[PDB]
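Below is one structure, written out as structure tokens, with a few remarks after it.
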Amino acid sequence: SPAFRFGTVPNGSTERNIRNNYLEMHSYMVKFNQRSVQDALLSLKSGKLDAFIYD
Amino acid sequence: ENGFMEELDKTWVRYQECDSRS
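Chains as they are written, first to last, in the UniProt record's numbering: chain X, 675 to 729; chain H, 779 to 800.
Below, the structure is given as structure tokens:
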């Protein structure tokens with residue numbers, strides 16, 4: 675019921691793989707996609723995002 | 779069969795804010 679949150683960097687092998695196997699995850703996570711790893715880290719670190727996914 | 783109803787209930791039942799309280 676509460677909205678959960680997870681995202682990853684776009685144009686990645688991770689994102690392409692995701693789109694290949696799991697569509698819904700990709701289509702949902704596009705909103706949670708982040709500019710850069712330092713910035714993705716900004717979304718995790720300062721709050722406003724729960725989980726981060728990366729290499 | 780096509781899930782037309784499921785999507786219509788999904789539209790008109792908002793589900794936004796609530797939970798099992800206890």
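Ideal placement from N, C-alpha and C gives every residue a C-beta, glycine not left out.
What first and last residue would you give for the alpha helix (DSSP H) that runs through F782(H)? Residue numbering aside, residue 782(H) sits at position 4 when the second sequence is read from its first letter. Where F782(H) is concerned, the enclosing alpha helix (DSSP H) stretches over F782 to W790.
Step through the CB atoms of chain X and report whether any lies within less than 7 Å of the CB of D787(H). Here the question's residue 787(H) lines up with position 9 in the second sequence. No, because no Cβ of chain X sits closer than 7 Å to the Cβ of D787(H).
What is the DSSP secondary structure of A714(X), counted as helix, strand or coil? By one-based count along the first sequence, residue 714(X) stands at place 40. Under the three-state reduction of DSSP output, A714(X) falls in the helix class.
Distance check for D787(H) and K719(X), CA to CA, integer angstroms please. Numbered from its first residue, the first sequence carries residue 719(X) at position 45. Numbered from its first residue, the second sequence carries residue 787(H) at position 9. One Cα belongs to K719(X), the other to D787(H), and the distance between them is close to 37 Å.
Could you check if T682(X) is buried or exposed, using at least 16 other CB atoms within 10 Å of its CB as the buried criterion? Reading the first sequence from its first residue, position 8 is the one you call residue 682(X). Burial call: buried.
Do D797(H) and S675(X) count as a contact pair if the criterion is CB distance below 7 Å? Within the first sequence, residue 675(X) is the residue found at index 1, counting from 1. Within the second sequence, residue 797(H) is the residue found at index 19, counting from 1. Taking the C-beta atoms as reference points, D797(H) is found nearer than 7 Å to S675(X).
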